[PDB]
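Tertiary structure, described
This is what each chain is made of:
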Amino acid sequence: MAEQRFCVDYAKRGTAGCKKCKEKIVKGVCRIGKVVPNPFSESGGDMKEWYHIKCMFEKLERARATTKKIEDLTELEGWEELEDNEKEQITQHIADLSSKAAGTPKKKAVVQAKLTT
Ligand SMILES: [Zn+2]
């Protein structure tokens, strides 16, 4: 019994504490909604939560490899509403989280840049 539903939506109004981090989702942040059935209450059948772009993608890097979630940039209900510019930012996360395509094997890479305008 493995049923998992994921959706893509953008923040519209109000702030919500994202899961897996000490932050909140405010207008201007894109979040994915995961609808899973919880075997505990009868009224609360399936619940959905919003995540950040690094929190949801960071969980995949730590989650087990045998199971994969969210493949490519066209396997979720919501990316169509997003815009081409915003879609490019989401594709970069999967390319950095997956990497290794032809000749670029890299592991554990972090950079700290500070620019002011
Ligand atoms: Zn977060």
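Reading guide: rules and limits
- Per-chain numbering applies: from 1 upward along each written sequence, possibly unlike the entry's numbering, with residues missing coordinates excluded.
- By convention in this description, side-chain values take in all heavy atoms of the structure and omit both hydrogens and water.
- Starting at the N terminus, helices and strands are each numbered in turn, a helix being any DSSP run of H or I of at least four residues and a strand any DSSP run of E of at least two.
- Only protein chains enter the area calculation, which uses a 1.4 Å probe; residues under 20% of their type maximum are buried, those over 50% are exposed, and those in between are partly exposed.
- Residues counted as positive are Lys and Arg, residues counted as negative are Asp and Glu, and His and the chain ends are not counted.
- By convention, charge coordinates are those of NZ in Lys, CZ in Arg, CG in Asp, or CD in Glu.
- Only strands that DSSP links by at least two bridges are regarded as paired with each other.
- Among buried residues, the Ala, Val, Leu, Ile, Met, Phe, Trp, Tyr and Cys ones that are joined through side-chain atoms within 4.5 Å form a nonpolar core.
- Here, two residues are considered to be in contact whenever any of their heavy atoms come within 4.5 Å of each other.

In terms of determination method, the entry is listed under solution NMR.

1. Things to note about the overall build of the protein
Secondary structure summary: the protein contains two helices and five strands in total. The helix and strand sequence of the protein, counted from the amino end, reads β-β-β-β-β-α-α. With the principal axes as the frame, the protein shows a C-alpha extent of 50 × 40 × 30 Å. Within the protein, the fraction of its 117 residues that count as buried is 21%. Charge centroids of the protein, computed over 23 positive and 19 negative side chains, lie 9 Å from each other.

2. A look at the sheet that holds strand β5 (residues 46-47)
In a beta sheet, neighbouring strands pair by backbone hydrogen bonds and run either parallel or antiparallel. Strand order in the open sheet formed by three strands is β1-β4-β5, with antiparallel pairing between adjacent strands. At either margin of the open sheet sits one strand with a lone partner, and together these are β1 (5-10) and β5. For β1 and strand β4 (residues 30-37), the ladder comprises six bridges, and the chain directions are antiparallel. Paired with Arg 5 across the bridge in β4 is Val 35.

3. Things to note about the environment of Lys 59
Checked against the element boundaries, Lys 59 lands in helix α1 (residues 53-62). With 39 residues separating them in the primary sequence, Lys 59 and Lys 20 have C-alpha atoms 8.0 Å apart.

4. Section: unusual backbone geometry
For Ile 70, which is not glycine, the phi dihedral falls at a positive 55 degrees. Structurally, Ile 70 can be placed in the loop between α1 and α2 (84-98). Here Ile 70 falls in the buried class, since its relative accessible area comes to 18%. Look at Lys 100: it is not a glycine, yet its phi comes out positive at around 55 degrees.

5. Comments concerning the nonpolar core
The biggest cluster of nonpolar side chains holds 15 residues, and the ones touching the most others in it are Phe 6, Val 8, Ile 32, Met 56, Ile 70, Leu 76 and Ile 90. Among the secondary structure elements, those contributing two or more residues to this core are β1, β4, α1 and α2. In terms of residue count, the dominant contributor to this core is α1 (four residues). Those residues in contact with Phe 6 that sit more than four places away from it in its chain are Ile 32, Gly 33, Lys 34, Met 56, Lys 69, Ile 70, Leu 76 and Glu 77.

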